[PDB]
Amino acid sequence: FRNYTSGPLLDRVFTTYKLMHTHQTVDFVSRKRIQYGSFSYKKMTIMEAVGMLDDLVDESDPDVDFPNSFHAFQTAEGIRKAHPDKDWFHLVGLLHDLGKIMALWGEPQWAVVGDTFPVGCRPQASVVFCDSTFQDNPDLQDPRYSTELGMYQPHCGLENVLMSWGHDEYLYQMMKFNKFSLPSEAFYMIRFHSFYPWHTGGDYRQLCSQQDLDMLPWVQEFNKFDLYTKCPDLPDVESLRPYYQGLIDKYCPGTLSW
């Protein structure tokens, strides 16, 4: 799992992180936040959006080579079986990767999927391929962003950090805009679930607040289902749909703005 030294997909995953690192700059993230922050691209229900991902495969994932819609159901199912008393958490599983619809809207996948990292400051060691994929990034030539803290004050809190643009931040802002009625923990887990250097690699604590640290266990708990439920054996989506539609009706019903 999560093997970046070996694997049959390693070729397309290295290409995709080298290209996203080489191009996720402060300006770019700043533009994309505006480009998508009005959620005026499409109107859809959750299940519509999930079904859109019937038409999408993730090019950064070394563990998956099937429509990402299925992965949504697998993650929700893993969570549901381990945390029966937390239905909202089951939904988070289904919802967490819906931001990848951007790839169907013409975005290059390096601007949609993959591990995230803060722009505006020096990449730390636990960033996938850090040593070999950042040399062509203009921000690093910029004294404003080349240092450890870069443009940030210490412990500013991750909510005040500009993350590399992708499905995490898109979906987080989407849910705020539509006013999903999930607990704070849900919004936070989704917003930072891709931030491996932080929740796994132990890095970027120079930017974290005590609030962020307190959320670490929640992100890590979601993460283990996010990652380890990935399997070629697909779920019976038709059978599962009604259960998850019930949760959708409770937490984020009807047509939403994307």
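One-based numbering along the sequence shown.
Across the two stretches, 63 to 71 and 216 to 224, the PDB entry reports the greater mean Cα temperature factor for 63 to 71. Per the PDB record, of the two stretches 187 to 195 and 52 to 60, 52 to 60 carries the greater mean B-factor over its C-alpha atoms. As recorded in the entry, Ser132 carries the highest CA temperature factor of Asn160, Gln173, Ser132, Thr116.
For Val29, the recorded CA B-factor ranks within the lowest third of the chain. Only modelled residues enter the ranking. Sorting the modelled residues of the chain by their CA temperature factor places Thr16 in the middle third.
Annotation for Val128: C-alpha temperature factor in the highest third relative to the rest of the modelled chain, per the entry. In the PDB entry, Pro232 places in the highest third of its chain by CA B-factor. Sort the modelled residues of the chain by CA B factor and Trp105 lands in the highest third.
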